[PDB]
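Reviewing the structure listed below.
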Amino acid sequence: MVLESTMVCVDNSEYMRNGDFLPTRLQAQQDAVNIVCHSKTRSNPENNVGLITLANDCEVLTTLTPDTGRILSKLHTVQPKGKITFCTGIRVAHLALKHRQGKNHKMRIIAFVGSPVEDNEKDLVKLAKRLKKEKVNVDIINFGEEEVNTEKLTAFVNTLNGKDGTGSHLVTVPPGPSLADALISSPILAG
Amino acid sequence: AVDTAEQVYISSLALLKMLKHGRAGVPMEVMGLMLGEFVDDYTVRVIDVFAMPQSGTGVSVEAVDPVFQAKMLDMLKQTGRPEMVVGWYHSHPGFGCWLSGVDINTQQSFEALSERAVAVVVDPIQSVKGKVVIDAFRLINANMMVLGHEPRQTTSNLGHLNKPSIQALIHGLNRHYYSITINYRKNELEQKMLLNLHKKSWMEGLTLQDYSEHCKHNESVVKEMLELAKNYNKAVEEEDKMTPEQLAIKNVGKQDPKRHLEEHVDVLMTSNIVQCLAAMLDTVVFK
Amino acid sequence: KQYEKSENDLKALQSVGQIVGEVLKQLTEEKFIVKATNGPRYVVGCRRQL
Amino acid sequence: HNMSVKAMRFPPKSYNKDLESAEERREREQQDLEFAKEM
Amino acid sequence: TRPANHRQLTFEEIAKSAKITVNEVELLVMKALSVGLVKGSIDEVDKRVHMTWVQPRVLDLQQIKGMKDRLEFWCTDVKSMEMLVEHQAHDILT
Amino acid sequence: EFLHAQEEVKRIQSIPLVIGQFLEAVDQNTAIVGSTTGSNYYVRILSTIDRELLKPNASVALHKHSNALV
Amino acid sequence: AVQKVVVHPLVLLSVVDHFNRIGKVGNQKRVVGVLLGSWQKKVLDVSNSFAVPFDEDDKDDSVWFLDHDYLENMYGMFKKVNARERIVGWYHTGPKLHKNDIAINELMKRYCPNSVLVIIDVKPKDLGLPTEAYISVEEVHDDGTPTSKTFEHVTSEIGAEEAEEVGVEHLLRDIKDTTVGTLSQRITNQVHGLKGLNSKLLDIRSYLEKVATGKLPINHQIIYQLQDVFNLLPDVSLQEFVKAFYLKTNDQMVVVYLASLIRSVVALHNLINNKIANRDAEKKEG
């Protein structure tokens, strides 16, 4: 079918730890990842979904595999404790997608941020023009709590779909602990 | 047609993979694949070899498990570089090299896809230094045997250089398969970095070798060297006698002085000259 | 199941009988020396796992 | 010991011909081998 | 402080440099050998001691100047004796 | 170049080795053994063997096909 | 804890072939792979290896990748073809000890406890043995950091094996200065061994480059050994070390005087066995 490789970047930072969302923040984002990796598998059997983090230690928790049983086994007692480090989060997200079996796939990443970021906006726009010369489209979806009216992420997606990119979006977080299934119902319906 | 100058270029890495897999599981006939880079009508090049696991107890070539190779063919494909299977091998343990009737059938299943898959036999037992026992083969059609026609249409004086063994000539050579002359692809990227790394003595000759016992060993030889010279004070005395060609047959029971007596002199020299010199370089260098 | 048991004989017919011998002494780690229950005395090796 | 080498290698002479094995018996060896291969 | 030529001090010098009497300096050094801070031997009739091993101390950027210079002409002594080797045993092995 | 063939000749000694017994020698470097298959033979030697390690009644090694001293 | 490592020439060649198949990238790639083998009787053995896909961007060089699915199944195959063979650690191509090799080791210590690394050579030139290995040790200790960890080199050599010495000595065919007599030692350790001590003397000169000008950490634990080398420097020539030296020269050369005396009469007897075949042959044959 259409050639992509869906790569989710899960959020094991230390601000996603409370119990304001109804089951858990961890389980509600997990089953959201489950129904969208069921969305990317059943529309195209070639796509595999592994998970990466953007914490202090950007670990390959589960390897990029079409199995999800390792994903389901590690996300139980996953210990989401760590200072968020998004300035290395692009480089772990981009260089992973060059380690793939096919470079003819559409480079697509989703990114979950539920913690206050301490990046430089000048450093990301150097990474944004780095991604301009690398032709990468990433739809970042905001979870949890953050600086409201998300700071430095509007200017990054704007400098992501620049130079005739014009296809990316920025799904921001509503600061109310509602059920997050309908929150992500917009990327599963259209891009 | 073929010009009997087929000249199989192989490798430097595969031969070590061939002998290690052929020696560790020796008395059962083991096998594997040949993952090389195919070239023109004349030659063929096999650079990589991966080994295939067995099936059960018993000397056989049993069958290939295409579950294993299909996952293996795309294993290193995603990591290194693409290659293509150009042949296969097995290992006669202590025989030599031929195609048995069991060996020929699994060959004939492999020549169906490509007409140039090479059957390779290695023998990791009759090999010592300058012998690596080899001579890969390939089938000939038995259809041409009924015609009485001699194949392979010799256009160069390059094929009939090696002479086949008579034990392989008992088998299907030359009625079902043929030999192929091979050489080896060596290069300085590998040649120097295995020569200068194998036997390098570190600081051994800058020692004194057990200084009370070296002069003790300098009598452990000399004492029986006296009586071995008494034999040399004996065997020369029964000459001008029965025609010393007779002194060649007759001296196979008991020991002779003359060879044994020039033996220890080499031992009592290199043990002394090396140890006396190394003592006198330590005095200068160490203060 | 009538093809199951008859498939066991399809590959059971490839095992080879083994000469029954007797160990006389041991020269080195690999040099063994035996005599069969037939006749002559041999010098023999082993597997590396046995 | 050098002079007992340097004054010793003169009677090496008339080493006439190192014969490999034969012409005839080599051919008879080849015929005997061809008989075994046919057998 | 003493070089590696002698480092052989006497008991009278200890009685000078520590102003302690003669009948106690033997008890002083056996304690020093037992703790392990020094390794040497003890004479009694010539009233000297053959100290061999001492405890390693620390040093500033001035004592490395001595260790630079005592090392430096020891470099060419390895050059000089090996210069006989490759020039006299040259035809033994190309 | 001679030292290459000096070690190369010992491929014959490899594993599958049978046992005979020394009886006598005709001459230099050729002898007569008796196999443990019962039949005697007129055999050749291998040159690295010290001949003065022979004959009390010496148990020897023989090649399994060509049947000479090993 | 680990005595030494034993490296076979297979795995030595099983890196350089991989360095050639990635040598087409041109710009920069380090060969990092998985090292397979055992260790028995406290001696580290190295038998087999392969290489894992790996990339590295120069900016923010703390982002590495090991495709562990490629690490799982290929070891799953190699355990299946050889149950005796197992993991022993890892390796990297090691020109100059790149920075990721402090936590590559900690990434994959969940397979081997003593996960040893191996530094190899791709451009062979030295007067030694260009195969390096370290070990992982950590310390809550003296001065640097609350979390401190630095690799320590364990001794390294190329071990042999009976099966591979057939193939190793077959692939050389170039030069091999065998026939160990009175001059094998003269060159393997008397020409070369004195020049062996050259680069060991010259190595502490390279540390000595910091007298007042070099790098900022100064000594603390480097000089206790160097204080001892000049202290344990050997005994001078005043004692019977003079006299007992001439004692053994007057003992070792006696055996040399006897043995050389023997060599003359032996070759003199061999002269007589050549005059028996000269004068007693000309009258007979002609």
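Read from first to last, the chains carry the letters A, B, C, D, E, F and G; within each, the first residue is number 1.
Rule of thumb we're sticking to: a contact is a pair of C-beta atoms (placed from the backbone, for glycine too) under 8 Å apart; a residue touches a chain by one contact, two chains touch by 3 or more.
Engineer: Could you let me know which interface, B-G or C-F, is made of more C-beta pairs in contact?
Structural biologist: Ranking C-F and B-G by C-beta contacts puts B-G first.
Engineer: Mind checking the centre-to-centre distance between chain C and chain D? Centres are C-alpha means, answer in whole Å.
Structural biologist: Centres of chain C and chain D (C-alpha means) sit 44 Å apart.
Engineer: Nearest whole angstrom, what separates the Cα centre of chain C from the Cα centre of chain G?
Structural biologist: 42
Engineer: Would you mind pulling out the distance in Å between where the CA atoms of chain A average out and where those of chain E do?
Structural biologist: Each chain reduced to its C-alpha mean, chain A and chain E end up 68 Å apart.
Engineer: Quick one: report the Å distance separating chain D from chain G, using the average Cα coordinate of each chain.
Structural biologist: A distance of 46 Å separates the two centres.
Engineer: For chain A, write out the residues touching at least two other chains, lowest number first.
Structural biologist: Counting only residues that touch two or more other chains, chain A contributes none.
Engineer: For chain G, what residues touch not just one other chain but two or more?
Structural biologist: Counting only residues that touch two or more other chains, chain G contributes 53, 67, 84, 186, 190, 194, 197, 233, 236, 260, 263.
Engineer: List, in ascending order, every residue of chain C touching at least 2 other chains.
Structural biologist: Only 45 qualify.
Engineer: Name the touching chain pairs, would you?
Structural biologist: A-G, B-C, B-D, B-E, B-F, B-G, C-F, D-G, E-G
Engineer: Taking the complex as given, what residues does chain G use to touch chain D?
Structural biologist: Touching chain D from chain G are residues 260, 263-264, 267-268, 270-271, 274-275, 277-278, 285.
Engineer: Taking the complex as given, what residues does chain B use to touch chain C?
Structural biologist: Contacts found on chain B: 24, 26-27, 57-60, 62.
Engineer: Considering the complex alone, what residue numbers of chain G touch chain E?
Structural biologist: 177, 183, 186-187, 190-191, 194-195, 197-198, 201-202, 204-205, 208, 211-212, 218-220, 223-224, 226-228, 230-233, 236
Engineer: Mind pulling up the chain A residues that touch chain G in the complex?
Structural biologist: 58, 60, 63-65, 87-88, 91-92, 95-96, 98-99
Engineer: Could you list, by residue number, the parts of chain E that touch chain G in their complex?
Structural biologist: Its residues touching chain G are 4-5, 53-54, 56-59, 61, 64-65, 67-68, 70-71, 74-75, 78, 81-82, 85-86, 89, 92-93.
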